[PDB]
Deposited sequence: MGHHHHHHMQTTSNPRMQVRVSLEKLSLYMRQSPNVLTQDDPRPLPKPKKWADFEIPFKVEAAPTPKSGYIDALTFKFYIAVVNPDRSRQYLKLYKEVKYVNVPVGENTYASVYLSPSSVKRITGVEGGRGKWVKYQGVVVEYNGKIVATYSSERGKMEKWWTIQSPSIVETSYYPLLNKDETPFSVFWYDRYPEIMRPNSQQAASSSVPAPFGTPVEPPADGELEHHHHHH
């Protein structure tokens, strides 16, 4: 049952900032019965904020869908770009609050792409984030401007989408152990 629980006339506006990459070490969780060298995860974060007309009495909207697009150079075929895609659906998105969305690449994805643990160079070649509310686009971020803005829509032989090098939501990473108020709850696979 995915119909709005809110005012069906409610409209939503989303302000996006930029997607930025942070290299973050995997937590070494301590245990009672007593240590590996932590590997480096790629953590892509984008600040956003939600407003609505009218404002929901609960102070939240049901859900927002984030679509992440990341392009990298194929490390096995150098004249080709790989396009990586991930949809993250958040639930109970607060209104009027500095919030963040995020997606991740594993240490082995980063090492395979770049050749070294933790990465090197500007290995992220293109970035994009599209936000949808009730199936309609309400915000777009891109690392490109003008004609190249929506690069993820460009059909070209030099860039191919792959499900390999999988993009992961926070609940698909070891950072799920760290509950932070700034990220909304992620809707589980249905």
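**Q** Compare the deposited sequence with the modelled residues and state the ranges that are missing C-alpha positions.
**A** Going by the record, the segments left unmodelled (no C-alpha atoms) fall at 1 to 7, 42 to 44, 201 to 232.
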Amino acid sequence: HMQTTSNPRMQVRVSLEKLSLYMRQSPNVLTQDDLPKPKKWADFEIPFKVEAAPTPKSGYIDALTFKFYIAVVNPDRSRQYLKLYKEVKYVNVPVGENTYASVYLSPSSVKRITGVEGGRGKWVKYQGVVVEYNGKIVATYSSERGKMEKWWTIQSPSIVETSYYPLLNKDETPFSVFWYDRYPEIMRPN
From here on, numbers count along this sequence of modelled residues.
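**Q** Do the CA atoms of 87 to 95 or those of 112 to 120 have the higher mean B-factor in the entry?
**A** Of 112 to 120 and 87 to 95, the stretch with the higher C-alpha B-factor average is 112 to 120.
**Q** Looking at the deposited entry, does 163 to 171 or 6 to 14 carry the larger mean Cα B-factor?
**A** Looking at the recorded C-alpha B-factors, 6 to 14 comes out higher on average.
**Q** Could you check 55, 142, 155, 65 and tell me which one carries the biggest Cα B-factor in the deposited entry?
**A** That would be 155.
**Q** Given 27, 47, 59, 128, identify the residue with the highest C-alpha B factor in the PDB entry.
**A** Largest recorded C-alpha B-factor: 27.
**Q** What third of the chain does residue 78 rank in for C-alpha temperature factor, lowest, middle or highest?
**A** Top third by C-alpha B-factor.
**Q** Where does residue 33 sit by CA temperature factor within its chain: lowest, middle or highest third?
**A** Highest third of the chain for residue 33's C-alpha B-factor.
**Q** What third of its chain's C-alpha B-factors does residue 132 belong to: lowest, middle or highest?
**A** For residue 132, the deposited C-alpha B-factor lands in the middle third.
**Q** Using only modelled residues of the chain, where does the Cα B factor of residue 42 rank: lowest third, middle third or highest third?
**A** Lowest third - that is where residue 42 ends up once the chain's C-alpha B-factors are sorted.
**Q** Against its chain's modelled residues, does residue 177's Cα B factor rank lowest, middle or highest third?
**A** Answer is highest: the recorded C-alpha B-factor places it there.
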